[PDB]
A.B. asks: 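Could you have a look at this structure, given as structure tokens, before my questions?
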Amino acid sequence: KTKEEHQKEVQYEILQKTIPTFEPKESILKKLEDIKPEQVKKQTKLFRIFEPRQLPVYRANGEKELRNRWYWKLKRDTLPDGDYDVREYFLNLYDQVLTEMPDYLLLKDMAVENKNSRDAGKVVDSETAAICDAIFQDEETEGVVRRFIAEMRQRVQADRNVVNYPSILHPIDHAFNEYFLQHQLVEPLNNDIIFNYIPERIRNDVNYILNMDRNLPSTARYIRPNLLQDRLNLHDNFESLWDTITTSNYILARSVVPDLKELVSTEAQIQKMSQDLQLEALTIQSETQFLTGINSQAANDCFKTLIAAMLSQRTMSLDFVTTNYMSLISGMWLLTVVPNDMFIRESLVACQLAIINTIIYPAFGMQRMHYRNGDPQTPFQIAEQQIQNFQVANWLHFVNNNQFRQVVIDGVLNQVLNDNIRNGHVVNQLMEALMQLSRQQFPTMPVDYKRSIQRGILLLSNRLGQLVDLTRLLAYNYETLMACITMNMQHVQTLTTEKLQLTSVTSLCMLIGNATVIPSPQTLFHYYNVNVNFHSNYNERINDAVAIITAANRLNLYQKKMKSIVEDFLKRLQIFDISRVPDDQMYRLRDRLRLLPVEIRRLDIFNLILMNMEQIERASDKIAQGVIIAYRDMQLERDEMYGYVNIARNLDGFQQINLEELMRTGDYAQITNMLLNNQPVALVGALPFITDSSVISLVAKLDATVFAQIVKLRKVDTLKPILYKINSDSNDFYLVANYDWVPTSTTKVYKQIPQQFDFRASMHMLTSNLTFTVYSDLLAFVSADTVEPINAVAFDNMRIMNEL
Amino acid sequence: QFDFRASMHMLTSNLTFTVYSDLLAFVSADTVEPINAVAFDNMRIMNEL
Amino acid sequence: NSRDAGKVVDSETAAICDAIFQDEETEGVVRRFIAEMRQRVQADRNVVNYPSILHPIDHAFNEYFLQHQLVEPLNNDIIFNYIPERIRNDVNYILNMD
């Protein structure tokens with residue numbers, strides 16, 4: 001007997017290892033309630049990739065000029081070597097910008113005094129102040145520019161809530177900061193928005209009195225959560241993820257279902273049931289287990305389980321002992337009120353067959369149903385056609401057709417109940433059928449057992465008023481808490497179910513009092529806030545995953561593993577044990593994420609980064625864009641930044657070999673053949689280089705000696721072409737100056753010169769709001785109260801519980 | 001001779017599945033009350049008062 | 001040495017791939033071929049294809065193993081029908097699943 005339980009544990013562990021649900025279910029509540037609204041990031045300084053730097057310049061003869069020039073240089077020149085590494089670096093930059101993207105900006109916080117201003121001028125940011133001071137003190141600056149720096153002013157319009165500040169920014173930096181300023185997430189907040197933020201079915205419920213006892217200034221802001229419905233359709237073809245989602249929703253719902261109050265005394269009800277059932281005078285092999293499990297704790301557990309399972313759309317398994325006919329009698333009410341599609345098919349079939357073959361068919365003297373599993377009809381569906389009695393037949397018809405109805409409210413799919421369940425009127429039909437069964441002969445049944453069954457049926461039937469009140473309470477609590485759901489209530493048969501003891505159903509049926517309990521306004525607000533936080537986080541993490549996947553694909557990062565992205569996404573969803581996610585579902589999630597379009601903000605940031613990739617990379621001083629190996633002697637170019645330099649402005653006129661493709665393929669036949677035969681070529685790819693200032697190195701022709709290692713090792717990661725920088729700073733520049741010769745080399749480094757700092761092209765006026773306050777908890781502005789539970793009414797304006 | 005290109009084959013399998021050993025472990029079975037247990041003729045197996 | 005950083009089966013195939021790729025005498029075409037050796041996943045069909053280096057007889061044996069496996073799909077209907085028909089047809093027993 002224990003061996004079979006061990007084997008069952010083994011098989012259930014095998015099944016459970018495929019579900020990413022955290023094993024201590026109750027911890028899911030903490031992990032869900034820890035999900036906060038998207039953190040509102042604020043900018044403290046302007047986003048900058050470049051800064052102006054003073055660099056020495058040289059004349060056409062290679063002599064160092066007496067004045068430096070301003071050029072744009074990367075603040076952090078940390079670019080890697082290799083084209084693939086550069087593209088990975090730019091993906092990392094994209095992720096950095098996304099993480100540090102401000103939700104809103106207030107330029108006055110970053111404004112600082114302009115030292116040279118004659119009229120109390122201010123600039124954003126302190127870096128702008130440093131740049132402006134450096135330009136003002138420079139001797140080569142135009143007098144007009146100096147006067148403008150002394151005169152340029154900020155404009156603060158407080159009545160308009162606007163601020164304009166001068167700023168010095170590189171065009172890429174200005175583009176980024178302008179996008180941040182122009183596309184802030186904050187929107188105006190007023191009491192109308194907060195009132196509309198409440199679920200519409202709660203604003204209409206007379207049991208809740210909502211007031212706006214707060215005044216919101218026009219400078220009030222809030223960030224709207226992203227409440228798009230599921231773009232991944234996790235209810236479809238993701239069995240394990242959907243099991244986890246439904247389990248988390250069920251755990252969350254259990255925490256918000258109210259606790260029952262003023263239940264019937266358990267001792268009195270137990271003695272009543274013992275007296276009516278007379279089990280001591282029977283031949284039952286379960287004499288004491290019959291009434292075991294009937295207590296207030298079990299009744300509360302049943303209430304919570306039913307409402308939470310319906311709210312989360314989690315499948316339920318019915319656990320019962322067939323010999324316990326009181327459990328079956330209570331299950332009749334359970335099947336009356338709870339939609340039959342909320343139970344796993346086998347459990348519903350088993351419970352219905354037990355009811356049919358223990359109570360109903362024996363009552364009418366019918367041959368016990370020989371049900372065949374897998375039949376499209378349930379046992380009740382057969383019994384309805386096979387039973388002529390109108391009471392039992394009508395009850396069976398309702399039980400057969402009481403599935404959830406689908407309706408979209410405020411863009412959210414909701415599973416709603418039959419109006420007869422909502423008002424509890426179907427309990428009257430259940431009572432009618434129960435009375436009919438209590439009056440039946442049970443032709444061949446022993447009379448003591450028949451009397452016990454009929455007295456149990458009467459036990460359930462004489463609680464008609466209590467059961468009507470209980471059904472109305474269940475339906476009202478379900479509807480009120482469903483008003484707080486923001487994600488579509490998809491009905492899927494989950495892998496694992498929530499076990500429901502029919503003894504707990506008996507507890508609820510036999511111990512429910514007349515005390516109405518409804519969700520507290522703060523409980524409703526907490527449930528709605530948790531649901532909104534989970535939905536918004538889900539959408540934001542979908543957006544992040546889709547953005548990163550699209551960036552990796554469009555950046556041609558073919559060695560990137562989207563599995564890591566999907567794992568990070570599931571981890572940030574906070575309710576998945578990623579180790580237990582099946583691989584097929586992981587790859588399906590990857591595909592579905594790939595198919596989604598990218599969010600507008602992230603897509604725009606990626607467009608900026610992609611279009612400025614080339615300029616940012618060529619601004620680097622650590623890597624070059626390639627190397628031309630031309631076995632003819634080529635005059636060293638004369639450049640202001642170097643003096644004489646073997647620099648190539650373009651690769652025109654040379655066959656190009658992509659170093660990334662050569663590295664990946666491993667076929668060095670073509671490159672080897674060209675290097676052995678001295679065929680002019682251009683090796684293209686982000687390359688580190690050595691700056692050689694020695695004229696003797698140029699005469700020794702060392703720049704041409706750095707390519708044989710490619711043939712030797714069949715590697716291109718160690719290729720470091722020589723860049724000549726021959727100027728008056730060279731120890732042997734006298735060789736250039738004092739002899740009649742043309743400095744030439746057989747190799748050129750394909751690289752770009754820096755961008756000169758132009759004041760007119762870098763001076764901008766950044767505009768923002770003077771100030772505002774961003775709020776997160778809108779429902780904190782709502783004063784919510786509830787009527788006395790005695791006076792709580794249902795959808796039909798009658799009291800939820802009337803047996804008073 | 002070992003031809004590397006000619007020796008390459010794409011082996012295809014199911015990406016993932018779980019194999020179960022005891023099917024009846026997934027079935028929970030119980031009995032009706034023995035007093036009401038019936039035989040092949042639809043009557044109770046034991047009938048004597 | 002895969003361009004896409006893909007996977008192969010088994011580890012012995014990877015050892016052969018490394019030995020061939022690193023060998024100085026290997027033709028560049030073979031290195032190109034090794035660079036493209038990656039797996040393909042069809043999640044919708046629940047299928048995966050992996051490159052492997054196998055002798056024709058070895059490939060025949062492993063192909064037979066792959067194409068003649070003993071596992072069949074399992075669902076609730078199959079588990080229920082695993083019970084003898086007369087036990088299920090017996091009204092004295094109630095069978096349930098969760």
Side-chain angles (χ1 to χ4, degrees), chain A residues 38-43 45-50 72 74-80 82-105 169-186 223-224 226 228 231-232 536-569 572 589-620 623 625 660 686, chain C residues 4:
Chain A
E38 193 72 353
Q39 202 83 9
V40 188
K41 297 160 274 181
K42 187 178 186 171
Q43 192 181 58
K45 57 172 171 52
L46 296 172
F47 169 85
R48 295 181 184 266
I49 295 170
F50 298 76
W72 285 110
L74 296 168
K75 300 168 82 69
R76 298 125 52 169
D77 190 2
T78 53
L79 269 88
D83 278 0
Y84 193 94
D85 280 358
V86 169
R87 295 200 306 280
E88 226 172 359
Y89 157 95
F90 275 106
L91 180 79
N92 165 69
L93 172 65
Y94 176 53
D95 219 332
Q96 289 162 203
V97 176
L98 284 187
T99 56
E100 299 292 354
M101 192 164 190
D103 299 30
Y104 70 93
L105 302 74
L169 282 159
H170 182 84
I172 297 166
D173 309 346
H174 165 71
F176 273 98
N177 290 308
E178 180 192 41
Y179 192 84
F180 298 154
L181 282 166
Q182 298 273 343
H183 298 91
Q184 298 182 24
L185 299 166
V186 292
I223 289 159
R224 197 160 30 196
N226 188 2
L228 286 181
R231 286 167 287 166
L232 299 176
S536 187
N537 180 71
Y538 179 68
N539 278 316
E540 289 290 274
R541 301 292 81 74
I542 285 163
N543 286 339
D544 285 328
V546 168
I548 294 298
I549 288 164
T550 312
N553 280 324
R554 295 199 205 294
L555 287 167
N556 193 31
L557 299 178
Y558 44 83
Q559 301 217 352
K560 196 86 182 308
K561 302 294 136 223
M562 280 84 70
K563 184 163 148 60
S564 38
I565 300 164
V566 176
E567 288 173 21
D568 188 36
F569 161 65
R572 302 272 263 102
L589 205 59
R590 184 196 65 182
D591 306 329
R592 290 199 193 187
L593 278 160
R594 279 188 319 187
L595 287 167
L596 295 175
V598 179
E599 191 251 310
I600 187 54
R601 210 133 162 280
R602 301 173 175 81
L603 180 60
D604 280 12
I605 292 300
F606 182 78
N607 287 344
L608 267 181
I609 289 170
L610 189 82
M611 72 185 294
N612 301 288
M613 268 184 73
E614 187 170 8
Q615 182 160 7
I616 294 167
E617 187 209 344
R618 273 144 197 249
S620 173
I623 50 151
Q625 275 57 67
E660 187 188 353
Chain C
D4 290 2

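Just the heavy atoms: all of them, side chains too, but no hydrogens, waters or symmetry mates, feed the values below. Just so we're on the same page: letters track the sequence lines, and every chain starts at 1.
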A.B. asks: Would you say the side chain of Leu596(A) lies within less than 4.5 Å of the side chain of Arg592(A), judging by non-hydrogen atoms?
C.D. replies: no

A.B. asks: Which residues pass the ring-ring contact (aromatic ring centres under 6.0 Å, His included) test with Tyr104(A), not counting sequence neighbours?
C.D. replies: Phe772(A)

A.B. asks: Salt bridge (charged side-chain N to carboxylate O under 4.0 Å, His left out) for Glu567(A) and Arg590(A)? Distances and angles first, verdict last.
C.D. replies: CA-CA 10 Å; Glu567(A) 288 173 21; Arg590(A) 184 196 65 182; over 6 Å; no

A.B. asks: State, to 0.1 Å, how close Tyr558(A) and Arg87(A) come at their nearest heavy-atom pair, and which atoms those are.
C.D. replies: CE2-NH2, 4.0 Å

A.B. asks: Is a donor on one side and an acceptor on the other found under 3.5 Å between the side chain of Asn537(A) and the backbone of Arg572(A)?
C.D. replies: yes

A.B. asks: Working to the nearest 0.5 angstrom, can you tell me the gap between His183(A) NE2 and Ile600(A) CD1?
C.D. replies: 7.5 Å

A.B. asks: Just checking, any donor-acceptor pair under 3.5 angstrom between side chains of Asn92(A) and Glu88(A)?
C.D. replies: no

A.B. asks: For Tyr84(A) versus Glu660(A), what's the shortest heavy-atom pair and its separation?
C.D. replies: CD1-OE2, 3.6 Å

A.B. asks: Can you tell me how far CD1 of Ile223(A) sits from CD of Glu38(A), rounded to the nearest 0.5 angstrom?
C.D. replies: 8.5 Å

A.B. asks: Looking at every heavy atom in both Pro80(A) and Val86(A), which two are closest together, and how far apart are they?
C.D. replies: O-CG2, 3.5 Å

A.B. asks: What I want to check is whether the side chains of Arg231(A) and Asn539(A) have a donor and an acceptor closer together than 3.5 Å.
C.D. replies: yes

A.B. asks: Determine the minimum heavy-atom distance between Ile548(A) and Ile565(A), stating which atoms define it.
C.D. replies: CG2-CD1, 3.7 Å

A.B. asks: How long is the straight-line distance from CD of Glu178(A) back to CG of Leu46(A), given to the nearest 0.5 Å?
C.D. replies: 12.5 Å

A.B. asks: For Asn607(A) and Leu603(A), what are the C-alpha separation, side-chain angles and deciding distance, and is it a side-chain contact (heavy atoms from CB on, under 4.5 Å)?
C.D. replies: CA-CA 6 Å; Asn607(A) 287 344; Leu603(A) 180 60; 4.0 Å; yes

A.B. asks: Ignoring hydrogens, what is the shortest heavy-atom contact between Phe50(A) and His170(A)? Give both atom names and the distance.
C.D. replies: CD1-CD2, 3.4 Å

A.B. asks: Is it true that a side-chain atom of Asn553(A) and a backbone atom of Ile549(A) form a donor plus acceptor pair closer than 3.5 Å?
C.D. replies: yes

A.B. asks: Calculate, to the nearest 0.5 Å, the distance between atoms CG and CD1 belonging to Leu74(A) and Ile616(A) respectively.
C.D. replies: 7.5 Å

A.B. asks: Just wondering, do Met562(A) and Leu593(A) contact through their side chains at under 4.5 Å, heavy atoms?
C.D. replies: no

A.B. asks: Please tell me if the side chains of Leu589(A) and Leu232(A) come closer than 4.5 Å, counting only heavy atoms from C-beta onward.
C.D. replies: yes

A.B. asks: One thing to verify: whether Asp544(A) and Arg602(A) come together as a salt bridge, which I'm taking to mean a side-chain N less than 4.0 angstrom from a carboxylate O.
C.D. replies: yes

A.B. asks: Looking at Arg594(A), I'd like to know if its CZ atom is crowded, meaning that more than 12 non-hydrogen atoms belonging to other residues, nucleotides or ligands lie closer than 6.0 Å.
C.D. replies: yes

A.B. asks: Describe, in one word, how the ring planes of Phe176(A) and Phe180(A) are oriented to each other, choosing from parallel (under 30°), tilted (30 to 60°) and perpendicular (over 60°).
C.D. replies: tilted

A.B. asks: What's the spacing between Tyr179(A) OH and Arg601(A) CZ if we round to 0.5 Å?
C.D. replies: 6.5 Å

A.B. asks: Treating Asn177(A) as the side-chain partner and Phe47(A) as the backbone partner, does any N or O pair qualify as donor plus acceptor under 3.5 Å?
C.D. replies: yes

A.B. asks: Looking at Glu100(A), I'd like to know if its CD atom is crowded, meaning that more than 12 non-hydrogen atoms belonging to other residues, nucleotides or ligands lie closer than 6.0 Å.
C.D. replies: no

A.B. asks: Taking atom NZ as the centre, does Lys42(A) end up with more than 12 heavy-atom neighbours from other residues, nucleotides or ligands that are less than 6.0 angstrom away?
C.D. replies: yes

A.B. asks: Checking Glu599(A) against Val546(A) for the side-chain contact (heavy atoms from CB on, under 4.5 Å) test, could you report, in this order, the C-alpha distance in whole Å, the side-chain angles of both residues, the deciding distance, and whether it holds?
C.D. replies: CA-CA 8 Å; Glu599(A) 191 251 310; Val546(A) 168; over 6 Å; no

A.B. asks: Is it the case that over 12 heavy atoms from other parts of the model lie below 6.0 angstrom from the CD atom of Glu614(A)?
C.D. replies: no

A.B. asks: Identify the heavy atoms of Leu98(A) and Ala547(A) that sit nearest to each other, and give their distance.
C.D. replies: CD1-CB, 4.3 Å

A.B. asks: Going by heavy atoms in the side chains, are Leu555(A) and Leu610(A) under 4.5 Å from each other?
C.D. replies: yes

A.B. asks: Do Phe569(A) and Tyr538(A) come close enough that some side-chain heavy atom pair is under 4.5 Å?
C.D. replies: yes

A.B. asks: Under a 4.5 Å cut-off applied to non-hydrogen side-chain atoms, are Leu595(A) and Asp591(A) in contact?
C.D. replies: no

A.B. asks: Which value, rounded to the nearest 0.5 Å, describes the distance between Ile609(A) atom CD1 and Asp604(A) atom CG?
C.D. replies: 11.5 Å

A.B. asks: Closer than 3.5 angstrom, by distance alone: can the side chain of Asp173(A) be matched with the main-chain N or O of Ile49(A) as a donor-acceptor pair?
C.D. replies: yes

